[PDB]
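Here's a solo chain for you in structure tokens, the form deposited without 1-methylindole-2,3-dione (72V).
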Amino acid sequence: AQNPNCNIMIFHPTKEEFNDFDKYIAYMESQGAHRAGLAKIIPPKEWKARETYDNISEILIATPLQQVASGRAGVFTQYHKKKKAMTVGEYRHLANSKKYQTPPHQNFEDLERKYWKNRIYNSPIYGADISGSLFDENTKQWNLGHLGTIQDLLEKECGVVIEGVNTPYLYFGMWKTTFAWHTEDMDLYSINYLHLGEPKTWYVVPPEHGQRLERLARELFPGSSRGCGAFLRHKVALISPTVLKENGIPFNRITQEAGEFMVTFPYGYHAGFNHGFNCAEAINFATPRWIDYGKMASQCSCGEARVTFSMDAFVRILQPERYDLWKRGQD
């Protein structure tokens, strides 16, 4: 078996290898990349997402989210407080202000130490889940707005046409902005391109060990667990690498820099944080190997999760027994 220790693998496709997206995902998996839950892909030197990022300041962040923490430094939840709209230019200025800017630090490890020591004592503001794309329409390779759709994948694999669309989302981050432990909706893949700015550090649990993380989460967030059998779907829980190590949870970490892609694989739990002002673009996608994960994906039906329109068809076709209960949760 390839990659038996479930290490995060890093790939350097040539420009020829960068033409066929599906083929390269399959290649990465042939090398065992999916066992980690996360892979990094460094594009060939000849590639670019767009010409410049000089003209993005007028993009609107309609609902910036202030991420307010509760708990202890290594075990906490965060809730999202809605703030007034601001442009990306205004947001960048805010990120760079004394209140929110990245502190002096020696290296990525030093900054990581500072993040887990001090995150809960601040409430950074995130511009997340903004429908849109920063890929030039003329970028033909790994353009996250031009991928084969999940609906077409399901149709190709299972023969049933379904409603729904899937399009990319933009994320404008600042120091300490945080993404909670989660897998994707319906345990889909995701792909994330860091367009511009400071790095993003990722933590990931191998898919074959995801239930170990779930068991620990139930122990660490007991009220949340009683409220919902799938509460990590709420995407609000954080557990530090120190606490994961203390509890013997297998995981890995890696830092993504501007110009790099990350792919998360079905049922690969991940979490992380931004180092400073940045902009990422991400979208979910599927392959034939996803279908079995989609069929088995556990769902939130307590009402907290609240997902996109397109997930309806996924649950309806892949999980008909669960559909009634799940749909009741969506309403």
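Counting begins at 1, following the sequence as shown. Superpose the two forms; the largest set of C-alphas matching within 1.5 Å is the rigid core.
- Between 191 to 199 and 154 to 162, greater CA displacement relative to the shown form is found for 154 to 162 when the structures in 8 other deposited structures of this protein are fitted on the core.
- Between 225 to 233 and 210 to 218, greater CA displacement relative to the shown form is found for 225 to 233 when the structures in 8 other deposited structures of this protein are fitted on the core.
- Between 43 to 51 and 297 to 305, the higher mean Cα B-factor belongs to 297 to 305.
- Of the two segments, 185 to 193 and 218 to 226, the one listed with the higher mean B-factor is 218 to 226 (C-alpha atoms only).
- When the C-alpha B-factors of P168, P199, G127, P241 are read from the PDB record, the largest value belongs to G127.
- Across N107, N252, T178, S133, the entry's maximum B-factor at the CA atom is seen for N107.
- Among all modelled residues in this chain, the alpha-carbon of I61 has a temperature factor (C-alpha) in the middle third.
- The deposited CA B-factor of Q256 belongs to the lowest third of values across its chain.
- Remark: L318 belongs to the middle third of its chain, ranked by C-alpha B-factor as recorded.
- In the deposited entry, the Cα temperature factor of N7 sits in the bottom third of values across the chain's modelled residues.
- Annotation for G145: C-alpha temperature factor in the highest third relative to the rest of the modelled chain, per the entry.
Not pictured, yet referred to below: the form solved in complex with 1-methylindole-2,3-dione (72V).
- Site status: blocked, since 1-methylindole-2,3-dione (72V), placed by superposing the C-alphas around its site in the bound PDB entry, has 3 or more atoms within 2.4 Å of backbone or C-beta atoms.
- In the bound PDB entry, 1-methylindole-2,3-dione (72V) sits within 4.5 Å of a heavy atom of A305.
- The closest heavy atom approach of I41 to 1-methylindole-2,3-dione (72V) in the bound PDB entry falls outside 4.5 Å.
- When contacts are judged by a 4.5 Å heavy atom cut-off, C300 counts as touching 1-methylindole-2,3-dione (72V) in the bound PDB entry.
- Although 1-methylindole-2,3-dione (72V) is not shown here, in the bound PDB entry the stretch 311 to 329 places heavy atoms of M311, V315, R322, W326 within 4.5 Å of it, in sequence order.
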